[PDB]
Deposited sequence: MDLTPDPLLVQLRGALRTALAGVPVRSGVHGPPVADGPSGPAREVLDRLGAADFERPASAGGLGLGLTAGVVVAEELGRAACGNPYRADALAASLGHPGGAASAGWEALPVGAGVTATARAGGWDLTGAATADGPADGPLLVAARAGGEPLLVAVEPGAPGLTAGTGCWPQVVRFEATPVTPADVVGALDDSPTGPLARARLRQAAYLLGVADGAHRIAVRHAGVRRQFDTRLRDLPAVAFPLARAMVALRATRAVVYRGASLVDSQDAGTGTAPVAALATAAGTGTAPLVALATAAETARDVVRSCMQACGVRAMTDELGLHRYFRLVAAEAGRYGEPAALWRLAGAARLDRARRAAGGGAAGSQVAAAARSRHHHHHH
């Protein structure tokens, strides 16, 4: 199992990290910690570097770095805490849909169950509420469930029965008998190992890996400067040990996130089916556990703008469960694994 580094990804990451270090970070301690949606302040950096063509393969005139490039982009966006202007477009692009839409509804499991599509009259209607990753009054891509079938549905703004929950963060969209046709179905969201859903989960897992890594960096540095009882905080075992444990989880998360992207790219070019679930569920738990520990290690300053941790703290609140609760993702992964042990 060769794990030595690839130059092409190394350049990509270096160019993202340098470019994103310029992006201005939102200065509040309340309200949204980032500007989300396809048109955030990091959108400019991504466009310059041609992020639209990263996952594009050798065929059809694309860079040819596969999902792994998408995972690298998402990790650096999370690390910078500058917002994610990439995930919604990259989901749309993987299905041939035009950009510009917020995506919503991934938090429910089974996939799409927060917005149910009922066959009624001579039609179908969407009913439920969903969390959005972008502006809730714009166009939407909704994970919806029709008769047990998980589907991604395009909804144009101002549609009947659609109300936008603006002002809470993340934003929320509500559907009261919002009508849809089979023409609005952008694609299916099944568990195929290389489908749009699996790619979407690995991008989100990489984002959570970035957010968690970014918070750890702050705590490790602040524990190196701050002194109490004439010792660096980092020389206190009750501080160093939790930061070290957070390091293990970050490296364990890196391992399954990149393994997941590599398996997907190998299939485009055994335990393959649950790799996206695995990557997302351990990243969501890792982000939650790393952030708790970082807040405690940095004391009351972690809750104030003296540090910068408050941005990652607010992000983990909204992002750790955006694509499903870890406990539920694990049960899906465990069911699949127990299936294999039965046949």
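Within the chain's deposited sequence, the coordinate-free stretches run 270 to 282, 357 to 380 in sequence order.
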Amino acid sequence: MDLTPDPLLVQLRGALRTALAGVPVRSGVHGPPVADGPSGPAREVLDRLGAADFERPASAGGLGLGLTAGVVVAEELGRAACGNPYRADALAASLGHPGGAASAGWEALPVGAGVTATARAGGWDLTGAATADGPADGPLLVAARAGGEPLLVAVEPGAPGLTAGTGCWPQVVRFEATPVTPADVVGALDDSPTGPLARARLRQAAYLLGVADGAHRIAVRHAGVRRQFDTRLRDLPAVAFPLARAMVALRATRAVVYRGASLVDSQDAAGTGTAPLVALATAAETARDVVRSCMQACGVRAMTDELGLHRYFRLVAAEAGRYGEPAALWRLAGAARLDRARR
From here on, numbers count along this sequence of modelled residues.
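If you average the C-alpha B-factors over 243 to 251 and over 88 to 96, the higher value belongs to 88 to 96.
The deposited model assigns a higher average Cα B-factor to 112 to 120 than to the other stretch when 112 to 120 and 203 to 211 are compared.
You'll see in the entry that, of 67, 277, 58, 294, the Cα B factor peaks at 58. By the numbers in the PDB entry, the CA B factor is greatest at 147 among 260, 195, 147, 105. In the PDB entry, a CA B factor belonging to the highest third of its chain's modelled residues is recorded for residue 22. Ranked within its chain, residue 222 lands in the middle third, by CA B factor from the PDB record. Per the deposited record, the Cα B-factor of residue 289 falls in the lowest third when ranked against the other modelled residues of its chain.
Sort the modelled residues of the chain by CA B factor and residue 39 lands in the highest third. Among the modelled residues of its chain, residue 283 has a C-alpha B-factor that falls in the lowest third according to the deposited record.
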